[PDB]
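The structure under discussion appears below in the form of C-alpha cells.
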Amino acid sequence: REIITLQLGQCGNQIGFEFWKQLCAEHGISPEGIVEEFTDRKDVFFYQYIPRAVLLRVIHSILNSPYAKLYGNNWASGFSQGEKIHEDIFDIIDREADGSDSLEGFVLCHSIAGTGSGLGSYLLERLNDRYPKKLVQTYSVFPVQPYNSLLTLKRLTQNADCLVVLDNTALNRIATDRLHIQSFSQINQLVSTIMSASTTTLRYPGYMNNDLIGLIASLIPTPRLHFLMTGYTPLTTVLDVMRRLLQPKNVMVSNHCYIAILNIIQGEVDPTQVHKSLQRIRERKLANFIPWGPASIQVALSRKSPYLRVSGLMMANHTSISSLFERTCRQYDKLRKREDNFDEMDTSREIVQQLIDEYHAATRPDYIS
Amino acid sequence: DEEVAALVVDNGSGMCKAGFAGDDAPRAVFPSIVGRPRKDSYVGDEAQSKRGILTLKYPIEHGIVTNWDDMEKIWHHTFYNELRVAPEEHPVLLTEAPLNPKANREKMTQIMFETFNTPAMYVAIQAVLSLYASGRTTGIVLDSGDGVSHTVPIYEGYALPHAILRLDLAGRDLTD
Ligand SMILES: Nc1nc2c(ncn2[C@@H]2O[C@H](COP(=O)(O)OP(=O)(O)O)[C@@H](O)[C@H]2O)c(=O)[nH]1
Ligand SMILES: Nc1ncnc2c1ncn2[C@@H]1O[C@H](COP(=O)(O)OP(=O)(O)O)[C@@H](O)[C@H]1O
C-alpha cells in the first residue's frame with residue numbers, strides 16, 4: 001500500500017517540504033535523492049528514490065534549494081481557478097495512482113485561512129467523485145479569514161475521511177513560551193515533528209498498525225466525529241511520558257470528555273513495563289471518558305531513527321474541539337450583520353451547526369439516537 | 001614441561017600476528033581494526049566483514065599506537081578470541097615499531113601488568129626480531145609493511161636509533 005501526499009498553498013508547500021526533509025534525514029536518503037551507505041520500510045512514502053508528492057513563487061525557492069533533485073485571497077477565487085484546470089492536475093494524480101501498486105489514501109497538507117484553501121475545497125470534492133474507496137486524511141492548519149475558514153469546514157465535515165487539527169495560536173504560544181522566538185520557519189519545526197511522528201508506526205513495521213486505517217479505525221467512532229488533536233511532550237520511564245501528555249500545557253489546542261486516545265512512544269524504553277503503566281494510570285483517573293459506549297487508552301511503541309532518548313505523541317478525540325468551531329461560527333455572524341445568491345454560505349453555516357450539535361450531544365448518557 | 005606457553009604478539013599497522021613461542025608460525029593473523037556501530041565493539045576480520053554498519057578505527061595505523069583504548073581492545077581480542085587463552089596465565093612478548101616513543105613503551109608495559117595481569121612480559125623492536133630470524137645479530141633491516149617502512153641498522157643485537165630512517169610509503173600506498 002502507498003499514500004500520495006498533496007501540498008496546497010504557501011503553508012502546505014512549506015510544512016510539506018519540511019516534512020520531507022525530516023523524513024529524508026530520518027531515513028538514509030541523501031539530499032540528491034540517492035541512498036547513502038551508512039530495515040525501515042520506506043516503500044509507502046518513497047517510490048523506487050522519489051517522493052510521491054504533488055506540489056501545487058514558493059516552488060522556485062524550493063527548486064533553488066539543495067533539495068531540487070527530490071521531485072488572490074478569496075475562497076470563490078480559489079474554487080473557480082481549480083475548475084478551469086480540473087483536467088490538468090488530475091493527469092498528474094491519475095498517472096501516480098495507476099503507477100502505484102495499491103493506493104490507500106491521500107494526505108493533504110493545507111491551511112484553511114486563501115487561494116490554497118479554495119483549491120483544497122474543490123479537490124476534496126472531486127476525489128469523492130472519482131475514487132470512492134480511498135481515505136482522505138487532511139493535516140489542516142487553523143489561523144475575511146472567518147468566511148474562508150467556515151466554507152472549507154463545510155467540505156471537511158463530509159468529504160475528508162479524517163482530520164488532524166493544528167492551530168497557529170497554540171503553536172505560536174509554545175514558541176514564545178519554551179523557545180523564546182521574541183517566525184514561520186521556526187514554528188514549522190514543531191509541525192514537522194508532529195507530522196513525522198504521526199506516521200511512525202507505518203514506516204517501522206511492528207505487530208500492529210501496519211496500515212493507515214489501523215490507526216483511524218480505533219479513534220473515530222462515527223463518520224461525523226472525525227476531528228483529532230495532538231500532544232507532544234519533550235520540548236525516562238513510560239509512566240512519566242503518559243502523565244506529561246495528559247496535562248493541558250502540552251496540547252496543541254487553545255462538560256467535556258475523551259472518546260479515544262492513542263499514544264506513540266518512540267524511545268528505547270523497556271517494553272515490559274508498558275502494560276504496568278496502563279494499570280496505574282487507570283487508578284488515578286486522569287481522564288474522563290464517554291458514558292454511553294466503552295472507550296480506552298492506546299499505547300504503541302516504535303523505534304527512533306538510528307541515523308539521527310525518549311519522545312512521545314498523543315492523538316486524542318476530545319469533544320472540547322467543538323469550541324474552536326464556535327469561535328469561527330460566532331465570528332461569522334458578527335460579519336454577516338455588518339457587510340449571485342450567497343446561499344452556499346447559508347448551507348455551510350447550517351451544516352457546521354449540526355456538527356457542533358453532535359459534539360455537545362456526544363457527551364450525554366443517551367447519545368444513542 | 002614446567003612452564004606454560006609464552007605468547008608472541010606482533011602488533012602491525014595493518015595486520016596483527018599472534019601465536020605461541022616455540023611454534024614455527026603465528027596461530028592467527030587479523031586486521032588491526034576496531035569498529036563500532038554507525039555486541040558493541042568489533043575487532044579483526046569481523047569488523048572488516050561488517051564494516052558496512054560500522055565506523056572503523058585504526059589505532060596503530062602507521063606502526064605507532066595512537067589510541068590506547070582501541071589498542072587495548074585489539075589485545076583483548078587477541079587473547080580471548082584469537083588465541084583463546086587467559087593473559088594472566090602466560091608471559092607475553094610484544095613487538096614495537098622502530099623509534100617508538102619511550103612513553104609508549106611504559107604504557108604498553110603498564111597495560112599488560114595492570115589491565116591484563118600478565119605474569120611476565122617483554123617488548124622487542126620488530127626489525128631486530130626479523131634479523132634474529134635470519135640467524136644474525138648484526139645487519140640492516142628494510143622493513144616494509146602496510147602503513148610504514150623503516151631501514152633499521154642493527155649492531156650486536158642493538159638497533160641504532162640515530163641511523164634509523166622512516167619512510168611513509170608502504171603496502172597501502174602501493175595498493176591505492
Ligand atoms: N502553521 C502554519 N501556517 C502558515 C504557515 N505559512 C502560512 N500559514 C498560514 O497561511 C495563511 C496565509 O495564506 P497565503 O499563503 O496568503 O495563501 P495564498 O496566498 O493563497 O497561498 C496564514 O493565515 C497562515 O496562518 C506556516 O509556516 N505554518
Ligand atoms: N606477496 C605480496 N606481494 C606484495 N605485497 C604483499 C604481499 N603479501 C602481502 N603484501 C602486502 O604487505 C602488507 C602487509 O605486510 P605486513 O608486514 O604484515 O604489514 P604490517 O605489519 O604493517 O601490518 C599489505 O599492504 C599487503 O598487501
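Note on naming: chains are A, B, ... as they come in the C-alpha cells, residues start from 1 per chain, ligands start from 1 in the order shown.
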Inset, instruction - Restrict the distance test to only C-alpha atoms, flag each residue of chain B within 8 Å of chain A, and return the flagged residues as a ChimeraX atom specification. - result: /B:38,52-53
Using the selection just defined, write its residues with N, CA, C and O atoms as a tab-separated table (two decimals), in the first residue's frame.
chain	number	residue	atom	x	y	z
B	38	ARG	N	27.49	2.51	13.43
B	38	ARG	CA	27.35	3.88	12.95
B	38	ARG	C	26.15	4.52	13.65
B	38	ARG	O	25.04	3.97	13.63
B	52	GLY	N	30.28	-2.29	6.77
B	52	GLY	CA	29.15	-1.56	6.23
B	52	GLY	C	28.28	-0.90	7.28
B	52	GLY	O	27.71	0.17	7.04
B	53	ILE	N	28.16	-1.53	8.45
B	53	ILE	CA	27.35	-0.97	9.52
B	53	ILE	C	28.20	-0.44	10.67
B	53	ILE	O	27.69	-0.21	11.77
Inset, instruction - Counting only C-alpha atoms and all ligand atoms, name the residues that have an atom within 10 Å of an atom of ligand 1; the answer should be given as a ChimeraX atom specification. - result: /A:8-16,18,56-58,72-75,77-78,110-119,140-143,145,149,166-172,183-192
Inset, instruction - Around ligand 2, at most 7 Å away and counting only C-alpha atoms and all ligand atoms, which residues are there? Put them as a list in words, please. - result: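 Residues lying within 7 Å of ligand 2: residues 11, 12, 13, 14, 15, 16, 63, 144, 145, 146, 147, 148, 170, 171, 172 and 175 of chain B.
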Legend entry - Those of segment 34-227 of chain A in DSSP strand (DSSP E), formatted as a list in words: residues 46, 47, 50, 51, 53, 54, 55, 103, 104, 105, 106, 107, 108, 109, 135, 136, 137, 138, 141, 142, 162, 163, 166 and 167 of chain A
Legend entry - Top pick for closest residue to residue 162 of chain B, considering B:139, B:87, B:44, B:98 and counting only C-alpha atoms: B:98
Legend entry - DSSP-assigned helix (DSSP H, G or I) among segment 281-323 of chain A, expressed as a PyMOL selection string: chain A and resi 281-284+319-323
